[PDB]
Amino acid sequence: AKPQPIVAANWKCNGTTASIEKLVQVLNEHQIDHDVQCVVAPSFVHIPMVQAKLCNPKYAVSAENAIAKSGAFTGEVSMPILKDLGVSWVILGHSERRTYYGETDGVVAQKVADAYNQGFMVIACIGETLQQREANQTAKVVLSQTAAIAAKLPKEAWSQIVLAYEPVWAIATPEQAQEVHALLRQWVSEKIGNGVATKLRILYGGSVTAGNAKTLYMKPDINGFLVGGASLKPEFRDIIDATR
């Protein structure tokens, strides 16, 4: 029933040359025996070393953010630059960028559309804060965020979209995760179409560990993970193996 799972590592703003060499060697030696798309998103300056040292073809390298256009945007990295470098995945709308770096719903929606139209696979992040959840606004918020993205996309774009639900309010039980994933998928099914909804990967982006990954993946509407801190450790392999 489920579509191909994805296990994505978000290294955030972490790593050294030495630590990444060691971690990538562990990922390269891991023999994955089922159909899963693995993604690694290093900090921008580590993308080249990861591209060079990774040899496991079940992985793609992602950026952790991008802007749409090259030009006079000191400090930023654009989608054309990433494409020329051979990066075809990007994480957009991460809660830390929505919170700290001014990415409103509209800003994220436009970036996702720009990444779609430039050929990227996009992990688009959504999720509600503690104040929003306490106000009983979980559904209003995650469906407003998703709707904003959807309004700028044609139906055919959804083959390049992956959603990641971040329970910002926690950063949650597997049951609470499943409730939001099911709501997201039912809204896509109604508004966009049931074929899009059954093929869409909705990844869980709360706290994922070797301890809890299999329990989360048992949920019918969870299609893998956007992993934070545990993705810097050898137990990331156990999180991949939890999607069998």
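Start at 1 and count along the sequence shown; that's the residue number.
Where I171 is followed by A172 in the displayed chain, the model omits 4 to 9 of the deposited residues that sit between the two. Remark: stretch with higher mean C-alpha B factor among 135 to 143 and 74 to 82 is 135 to 143. On average the C-alpha atoms of 226 to 234 have higher B-factors than those of the other stretch, with 226 to 234 and 7 to 15 being the two compared. In this structure the maximum Cα B-factor among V26, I67, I47, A60 is found at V26.
The PDB entry assigns the greatest CA B-factor among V180, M218, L203, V40 to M218. In the deposited entry, the Cα temperature factor of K111 sits in the middle third of values across the chain's modelled residues. Among the modelled residues of the chain, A151 sits in the highest third by CA temperature factor in this PDB entry.
When all modelled residues of the chain are sorted by CA temperature factor, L92 is found within the lowest third.
Sort the modelled residues of the chain by CA B factor and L130 lands in the highest third.
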